[PDB]
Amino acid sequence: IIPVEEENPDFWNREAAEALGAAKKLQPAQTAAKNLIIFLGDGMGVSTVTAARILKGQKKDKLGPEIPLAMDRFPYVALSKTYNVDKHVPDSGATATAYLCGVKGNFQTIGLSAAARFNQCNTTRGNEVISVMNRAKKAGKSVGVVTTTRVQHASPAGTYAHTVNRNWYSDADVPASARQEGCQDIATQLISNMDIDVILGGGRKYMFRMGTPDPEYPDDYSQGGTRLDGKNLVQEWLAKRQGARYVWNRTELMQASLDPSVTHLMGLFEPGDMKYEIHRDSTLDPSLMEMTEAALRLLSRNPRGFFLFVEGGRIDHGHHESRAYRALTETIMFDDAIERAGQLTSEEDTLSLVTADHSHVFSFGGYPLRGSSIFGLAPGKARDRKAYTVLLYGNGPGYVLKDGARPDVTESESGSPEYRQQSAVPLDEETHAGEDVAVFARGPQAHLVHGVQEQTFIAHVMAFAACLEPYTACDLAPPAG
């Protein structure tokens, strides 16, 4: 469909003149950031952003691509080079080292320099690189980790953990030799490495001893505690702090977030990862946006400010499944959380960055008409005389042959939340992609986020903005306010 307003050049000329006006009004701050927020869309590459924008646009009144995402409104954009030291196409652990600790690492390690080696516990020590969240805490800020994955998953773990193996969620996962060598499982590291004021996401099971029924699924033994060492890490965490609260459901979370006596909050909402938003039980489980608000309620009390990590963690998971519907709906909820955090904080004193750890082999093509569903069919048949979707994957589990042939696909099929877009190469999981991802920034010193930068720049600009180590001699005036 051609929107009539857009047929007049004046429409475009007015928009551009307004854009030039806004561009000209941008001024760099002379002042530091009181607060830091990093919003991490796991797997949210450029193609994901555009596709999500179109989907979000259409979910409102709109044709799609002309409607800004909340992230699109951020004034400063850079490209971020995501390669890990050892792999061009990276994983979440080693990218987390980059954007949270400011140093690049090796694939499937977390919080370690690239002197360490995956799955070799004895290469850990001396290679620990401290996150900006950790430095924020040291400087007296409150700190929070919020994600739709396990809070022990690679991205959130980057804020607090140092491990040669991102798969070491609980002690059950750690080989005996590594346990003897003192490489702590991530769940332990979560409660032990540093004080974290707010921890919200999945990963209940890693905190409890084998045999402990999950509070939510007490009749599914597979969801129970995993720990071999008999520890209840939740109780240990609570015991260390007056005003600490543990919650496992939404209503308790909301209650805790409004309770002035709650100074530390651990909310673990599923045994493993949280459900996709489309599957979320809204009585039992908070959305990402809700977890972010709950976090901000607590974190905002500290006069020294806060550092908050918010992850749209299952964007990534949707793409691995080659289910763009899941990737893109997770992206929208991620963007909704960005929007919500922007309502609850001030860009005068809050530096907010939105980025992705890496992308995926997700493409948006064919030549679909304006306003057509992102989950629809490309116009025109393929050379094998069957239909194809506008969304495709380079590889992944959407690759199919029914009786020697690529299957035809209908619109009703392609639009299903379970539909797997086709790919060139069958893999159980679609792969990450290595192309640059966007960094969006607003707030004090956001203007430093520019050009094409290494992914480590994300961590460094945040430290610098808040005058955290190694930039305590930042040359900045106190935060506005």
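Counting begins at 1, following the sequence as shown.
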Task: Residue range whose averaged C-alpha B-factor is higher in the record, 77-85 or 178-186 - done: 178-186
- [ ] Please work out which of 113-121 and 210-218 has the higher mean CA B-factor as recorded in the PDB entry.
- [x] 210-218
Task: Deposited CA B-factor, highest of 436, 454, 430, 413 - done: 413
Open item on the list: In terms of recorded Cα temperature factor, pick the maximum from 326, 386, 153, 340.
Closed with: 386
- [ ] Using the B-factors in the PDB entry, rank residue 463's C-alpha atom against the chain and give the third, lowest, middle or highest.
- [x] middle
TODO: Classify residue 263 as lowest, middle or highest third according to the C-alpha B-factor given in the PDB entry, relative to its own chain.
DONE: highest
Open item on the list: Going by the CA temperature factor in the PDB record, which third of the chain does residue 49 belong to: lowest, middle or highest?
Closed with: lowest
Task: Chain-relative CA temperature factor third for residue 334 - done: lowest
TODO: Would you check the entry's CA temperature factor for residue 447 and let me know if it's in the chain's lowest, middle or highest third?
DONE: middle
